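Asker: once you've seen the sequence and the experimental structure below, I've got questions.
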Amino acid sequence: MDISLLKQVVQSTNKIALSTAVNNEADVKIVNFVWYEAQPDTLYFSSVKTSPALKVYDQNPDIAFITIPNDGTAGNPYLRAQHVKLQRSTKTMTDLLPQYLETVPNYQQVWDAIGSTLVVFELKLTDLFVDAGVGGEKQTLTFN
Amino acid sequence: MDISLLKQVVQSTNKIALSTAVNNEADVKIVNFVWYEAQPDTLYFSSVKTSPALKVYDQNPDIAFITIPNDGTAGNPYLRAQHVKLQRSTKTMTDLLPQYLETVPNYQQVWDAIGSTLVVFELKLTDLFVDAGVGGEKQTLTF
């Protein structure tokens, strides 16, 4: 399946508003994420193992998200999804760290401070809306 | 109530990640909002009338939001609220348009395209967390 538009948009964001509805309580948090073209249906993020958040996340709820463009990126591009499966990943932060360092400003100091306490989660997509923004195209993708 | 910190933070954002919970299902979308000193417990936003979002809003969802700073804003300020009440407004978009034009780049062209179809909603606050950013004050306002 042709993920070129997804690739166009994901290049200019490194964070999502990640929302939950466990026990019918709305919550939204902004977290950084990383993404790899070989596994295009998956976004990865990490949380501190003592955080109240990681506590909702470990119930493996279905979640919604929307990306936020990097500072300096005009045009309003974004990705948006609901019914996203959420679970702990087999990837570790050691696996993901190069991509974090490449894409998330000042992440080295975060890793150095709290890295050993981070747990990796993955977000598995079914349907995804993709909008390249001003001058660009829009589509939906559905992953198997 | 001293709303000075609120006034300060609210100047550097024009949008929220608006999160809903209905039937244990999550959704989130980023929408523009406007805010007035005279009615400090309320954020206003608008949605075309035929949007499926309205079907969600009609189910009295639980609502949470966080603001997103304007491009170029120093220090990651934000407002954050949970258990927010949504209701239809008696305000129209024509009442709100001045503030939209002041604060939302290029909104005139959105208005010119689809303005007559917009419906105004009010987000009514109980507690609001206000974080002025790095080196800045944090507080919770209770309305």
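Answerer: Everything's here; your move. Numbers count the residues shown, from 1 in each chain, chains lettered A, B, ... in the order given.
Asker: show me the contacts for the most centrally placed residue in chain A.
Answerer: Chain A has residue A:33 as the residue nearest its centroid, 3.9 Å off, counting by Cα atoms, centre = their mean. Going by Cβ atoms under 8 Å, 6 or more residues apart in numbering or on different chains, residue A:33 touches A:14, A:15, A:16, A:43, A:44, A:45, A:123. From N, CA and C alone the C-beta is placed, and that goes for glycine too.
Asker: that one and chain B, how far apart?
Answerer: 14 Å (Cβ to the nearest Cβ, to the nearest Å).
Asker: SS state for the nearest residue in space to residue A:60 that is not next to it in sequence?
Answerer: In space, and not counting its chain neighbours, residue A:60 is closest to residue A:87: 5.0 Å by Cβ to Cβ, 6 or more residues apart in numbering or on different chains. Residue A:87 falls in the strand class when you classify it by DSSP: H, G, I helix; E, B strand; the rest coil.
Asker: so what's the residue count around residue A:87?
Answerer: 13 (other Cβ atoms under 10 Å in any protein chain shown).
Asker: include neighbour count, distance to residue A:51 and secondary structure when you put the contacts of residue A:33 into TSV, please.
Answerer: Putting the contacts of residue A:33 into TSV (neighbours: other Cβ atoms under 10 Å in any protein chain shown; distance: Cβ to Cβ, whole Å; DSSP: H, G, I helix; E, B strand; the rest coil) gives the following:
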residue	neighbour count	distance to residue A:51	secondary structure
A:14	22	20	strand
A:15	18	17	strand
A:16	28	17	strand
A:43	26	19	strand
A:44	21	17	strand
A:45	24	12	strand
A:123	23	17	strand
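Asker: can I get those residues in a markdown table including distance to chain B?
Answerer: Formatted as a markdown table, the entries for these read as follows, by distance: Cβ to the nearest Cβ, whole Å:
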| residue | distance to chain B |
| --- | --- |
| A:14 | 14 |
| A:15 | 10 |
| A:16 | 9 |
| A:43 | 14 |
| A:44 | 19 |
| A:45 | 15 |
| A:123 | 12 |
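Asker: quick check, nearest of the residues you listed to residue A:28?
Answerer: residue A:16 (9.8 Å; Cβ to Cβ).
Asker: just grab the bridge partners of that closest one for me.
Answerer: With DSSP bridges applied, residue A:16 shows beta-bridge pairing to residue A:31, residue A:67.
Asker: contact partners for it?
Answerer: Contacts of residue A:16 (Cβ under 8 Å, 6+ apart): A:30, A:31, A:33, A:43, A:45, A:65, A:66, A:67, A:68, A:79.
Asker: quick check, the second one in contact with residue A:15.
Answerer: This points to residue A:31. Yes - counting by Cβ atoms under 8 Å, residue A:31 touches residue A:15, with 6.5 Å between them.
Asker: tell me, what's touching these two both at once?
Answerer: Residues touching both residue A:31 and residue A:15 (Cβ under 8 Å, 6+ apart): none.
Asker: I figured residue A:81 hits residue A:128, correct?
Answerer: Yes - using Cβ under 8 Å, residue A:81 is in contact with residue A:128, at 4.9 Å.
Asker: and the closest residue in space to residue A:91 that isn't next to it in sequence, how far is that from residue B:74?
Answerer: Leaving out its chain neighbours, the residue that sits closest to residue A:91 by Cβ to Cβ, 6+ apart is residue A:120, at 5.3 Å. Distance of residue A:120 to residue B:74, given as Cβ to Cβ, to the nearest Å: 30 Å.
Asker: what's the burial count for residue A:7?
Answerer: Residues near residue A:7, counting by other Cβ under 10 Å: 13.
Asker: extract the C-alpha trace of the top helix by length along chain A and format it as PDB.
Answerer: Among the segments of chain A that qualify as a helix by DSSP state H, the longest is helix A:93-103. Taking Å, rounded to 0.1, in the frame of the first residue of the first chain, the C-alpha atoms of helix A:93-103 are listed here in PDB:
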ATOM      1  CA  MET A  93      14.300   2.500  24.500                       C
ATOM      2  CA  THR A  94      17.800   1.300  23.500                       C
ATOM      3  CA  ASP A  95      16.300   0.200  20.100                       C
ATOM      4  CA  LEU A  96      14.400   3.600  19.600                       C
ATOM      5  CA  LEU A  97      16.900   6.100  21.000                       C
ATOM      6  CA  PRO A  98      18.700   6.900  17.700                       C
ATOM      7  CA  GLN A  99      15.400   8.000  16.200                       C
ATOM      8  CA  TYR A 100      14.400   9.900  19.300                       C
ATOM      9  CA  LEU A 101      17.700  11.800  19.200                       C
ATOM     10  CA  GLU A 102      17.300  12.500  15.500                       C
ATOM     11  CA  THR A 103      13.800  13.900  15.800                       C
END
